[PDB]
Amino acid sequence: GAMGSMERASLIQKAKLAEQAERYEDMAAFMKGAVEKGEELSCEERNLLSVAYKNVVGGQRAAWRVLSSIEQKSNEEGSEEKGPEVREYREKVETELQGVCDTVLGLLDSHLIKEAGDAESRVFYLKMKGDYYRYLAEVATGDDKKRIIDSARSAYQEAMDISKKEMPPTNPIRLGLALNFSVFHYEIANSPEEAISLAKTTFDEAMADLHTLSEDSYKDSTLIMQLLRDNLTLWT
């Protein structure tokens, strides 16, 4: 690893600088180096890791969708043949995206998840595992598409089970997990009723526990609750 000679603390410091500079590829590389030092990550450090890769893959997904749309139009009746270039370039972007997903899944498997014993860390990592299999699913068209989808489902489900047992219904990790698993149901698993049920129940159970929270915790929870409501509005 090119980051093998840099101090863990220096990698974290630089990830924070990269974030400030909106250099997310760099931020992700620094955080990969930090993980590979082999020590568990703090809450702040887990967030740096997730922010970095979310931004990187988020950009790849946006580009893939542009390119896939162009490709789709090229295959409509009456579209002039333009050769292999659109497919080739969509494939290039797709392969880079899959590579990023595999890198993140690799970090979670070696060895973030197995060393995470506290609910907050284990749920955080398992949510990521679900999310990155979901991104793989978005581009999957082959023999393994089912197994990729099931991999996402299984990770989300383990996260859900732990989060329900161990965290309050207003916990922002629990909320964000539910938000994303709900989207998995709607967009990946062809289960819109499940998506809607999940978002509604999650919202309502959080609403009921808001009274227990400080002003600051209330802000964090209500922000994610609004995202659940936004999805429900979109879907109904």
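Take the two forms, find the largest set of C-alpha atoms that superpose within 1.5 Å, and that set is the rigid core. Note that residue numbering follows the sequence shown and begins at 1.
Between 8 to 16 and 211 to 219, which has the larger RMS C-alpha deviation from this form in 9 other deposited structures of this protein after core superposition? Taking the RMS over all superposed structures in 9 other deposited structures of this protein, 211 to 219 lies farther out.
Coordinates for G78 lacking in at least a third of the other PDB entries compared? That residue is missing from at least a third of the other compared entries.
As stated in the PDB record, which stretch has the larger average Cα B-factor, 63 to 71 or 22 to 30? It is 63 to 71.
Decide which of the stretches 80 to 88 and 94 to 102 has the higher mean C-alpha B-factor, going by the entry. Stretch with the higher mean C-alpha B-factor: 80 to 88.
Name the residue from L108, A116, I162, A155 with the greatest C-alpha temperature factor listed in the entry. By C-alpha B-factor in the record, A116 ranks first.
Place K37 in the lowest, middle or highest third of its chain's C-alpha B-factors, as listed in the PDB entry. Ranked within chain, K37 CA B lands in the lowest tercile.
For the chain shown, is the CA B-factor of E193 in the lowest, middle or highest third of its modelled residues? Tercile = middle for this residue's CA B-factor.
If you rank the chain by CA B-factor, which third does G58 end up in: lowest, middle or highest? It belongs to the middle third of the chain when residues are ordered by C-alpha B-factor.
Of the three thirds of its chain by CA temperature factor, lowest, middle or highest, which one includes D131? Its C-alpha B-factor belongs to the lowest third of this chain's values.
Within this chain's modelled residues, let me know which third the CA B factor of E205 belongs to: lowest, middle or highest. Tercile = highest for this residue's CA B-factor.
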